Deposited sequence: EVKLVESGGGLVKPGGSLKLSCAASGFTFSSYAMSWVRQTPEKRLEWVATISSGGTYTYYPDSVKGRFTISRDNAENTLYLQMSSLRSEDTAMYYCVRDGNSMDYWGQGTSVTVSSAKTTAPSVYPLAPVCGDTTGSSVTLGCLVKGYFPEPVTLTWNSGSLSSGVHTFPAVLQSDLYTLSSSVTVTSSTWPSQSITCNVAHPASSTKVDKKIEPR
């Protein structure tokens, strides 16, 4: 089973450096060309680099030439992307990819943000209904964090149905995220519903229980 697991993503200042890694398994790594591909927040895909199976040849687009270096370690089965002289346009999700005549297998990607802005932990606010029907909707407001991402769950993930977690919105330096959950009236408030938010960049974990107002 082919597996590609990227790591090394984060927030870096403009003009800064960052090195990404990719742990490959489930195939003979040294038999394949490997590639990096990035996707902008606007969902546009752009090839970043390809390295030949033996590491002999490397190829880059002009947008990254001279700044990025792809490399591999065939003994350790890992692919690397050294980035330097970073610009904010380099902000993207970076995917490790198995190449050849096509990009066979894609990793799940690792997020990179290039910004002067500082890491900010979010405020998490429980949204209870206004002071009734056959269902109730609860909400969660994740406000003022940077950078992406956050992870949001309801009751530690056991409550997945009726959930709508909305794409984060950037307003200036800070991100805002919201999530709603809709359950039957007999479910809440008689049963406990809690919002769970994690912001790894700021090492933040918050549980916020929805209480009736």
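Positions of the deposited sequence absent from the coordinates form one stretch: 132 to 134.
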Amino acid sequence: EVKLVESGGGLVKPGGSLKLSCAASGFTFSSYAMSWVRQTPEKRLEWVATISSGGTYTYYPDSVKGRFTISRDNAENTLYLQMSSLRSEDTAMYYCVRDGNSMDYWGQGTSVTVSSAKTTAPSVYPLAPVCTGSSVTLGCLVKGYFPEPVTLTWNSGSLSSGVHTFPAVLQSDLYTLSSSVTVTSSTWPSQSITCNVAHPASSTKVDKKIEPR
From here on, numbers count along this sequence of modelled residues.
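Between 169 to 177 and 184 to 192, the higher mean Cα B-factor belongs to 184 to 192. Looking at the C-alpha B-factors along this chain, the one for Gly162 belongs to the highest third. In the deposited entry, the Cα temperature factor of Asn101 places it in the middle third of its chain's modelled residues. Looking at the C-alpha B-factors along this chain, the one for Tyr60 belongs to the lowest third. Ranked by C-alpha B-factor against the other modelled residues of its chain, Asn155 falls in the highest third. Among the modelled residues of its chain, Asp73 has a C-alpha B-factor that falls in the middle third according to the deposited record.
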